[PDB]
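Consider the single chain below, provided in structure tokens and representing the form solved without its partner chain.
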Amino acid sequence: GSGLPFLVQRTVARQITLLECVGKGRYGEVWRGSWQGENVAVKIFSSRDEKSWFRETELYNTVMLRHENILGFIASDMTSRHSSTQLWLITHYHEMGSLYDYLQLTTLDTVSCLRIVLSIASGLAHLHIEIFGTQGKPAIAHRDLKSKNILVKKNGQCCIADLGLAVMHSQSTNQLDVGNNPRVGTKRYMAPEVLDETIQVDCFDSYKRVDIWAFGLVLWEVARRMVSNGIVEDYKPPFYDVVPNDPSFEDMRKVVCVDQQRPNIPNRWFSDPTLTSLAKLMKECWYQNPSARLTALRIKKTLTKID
């Protein structure tokens, strides 16, 4: 799999001491833990999200996902702490936390902006691409790509996190996991075909194109925080101005499906070559027609050529 030898994995949870709680939400809790005096991140899942714990555990153990831009899996366990049975996912610890939180604390220059977005595109392309052979991997669509599910490294690269909603496709196999409704992710980031439920649930490539829509929104979030001529925008989530907090499906449908609105491009971006290029790139992620959207590899290539 992606983590420790497995026999090691079961013993890891018992060797971990939880030191600080660094995150808490409806998903559960995230802690900085220590394993042999080395930091690890321990996500303790709420009962609401227990199935996400199981699906992510299945995945990381059935596919050996190892990539610098994917959160590094260490182990998963159903363990007991303080006499309560708990669902733990243990990964590499990234002190900087989520991109969402990071963008609200500092601003970016051209180098650090491009490093962030390129690393996300590289991670997403690695998820998306199916690799044949005994040491390959199925294609993976994330289905909840957003800034809260991206972690920042000290070196300024990022890695994609939270595969609990991901769907896998082997070009050999048939059927896509999917199941239930297609509207499983974060409403604010949902593509038009999800919101209006016209997505072809049987076509795996539909899910990759949904990730690309969300990636375009993440690019917009990040680009706002890149300084140009001492100018920068405050952090805002996508569509902050046109929809309420915790927006409903109907809110999103009118903006994105009926009006076909997209996040607004700050005028000052067209005073800077990099931001001008990023604006064009994100618009090619937001086509109403999913098949017109760029692929993750095309985005990666374009970003590598920008400087």
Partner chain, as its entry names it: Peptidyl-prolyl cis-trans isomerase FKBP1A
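Residue numbers count along the first chain shown, from 1. Note that the rigid core is defined as the largest set of C-alphas that superpose within 1.5 Å between two forms.
Quick note: we don't show the form solved in complex with its partner chain, though the next part is all about it.
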Give a yes or no on whether every one of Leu105, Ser112 and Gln157 sits within 4.5 angstroms of its partner chain in the entry with it bound by heavy atom.
-> no
Can any non-hydrogen atom of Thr274 be found within 4.5 angstroms of its partner chain in the entry with it bound?
-> no
Might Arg10 be said to contact its partner chain in the entry with it bound, defining contact as any heavy atom within 4.5 Å?
-> yes
Evaluate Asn39 for contact with its partner chain in the entry with it bound, applying a 4.5 angstroms cut-off between non-hydrogen atoms, and reply yes or no.
-> no
Decide whether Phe54 counts as a contact residue for its partner chain in the entry with it bound under a heavy atom distance cut-off of 4.5 Å.
-> yes
Contact stretch among 59-67, 258-266, 275-283, 236-244 - heavy atom within 4.5 Å of its partner chain in the entry with it bound | 59-67
Only one of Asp177, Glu193, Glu233, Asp144 shifts its Cα by 2 Å or more between the shown form and the other one once the rigid core is superposed, namely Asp177
Considering a change of 3 Å or more, are the Cα atoms of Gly179 and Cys257 closer or farther in the entry with it bound than here?
-> farther
Where do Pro182 and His128 end up in the entry with it bound, Cα atoms closer or farther than shown, with a change of 3 Å or more?
-> farther
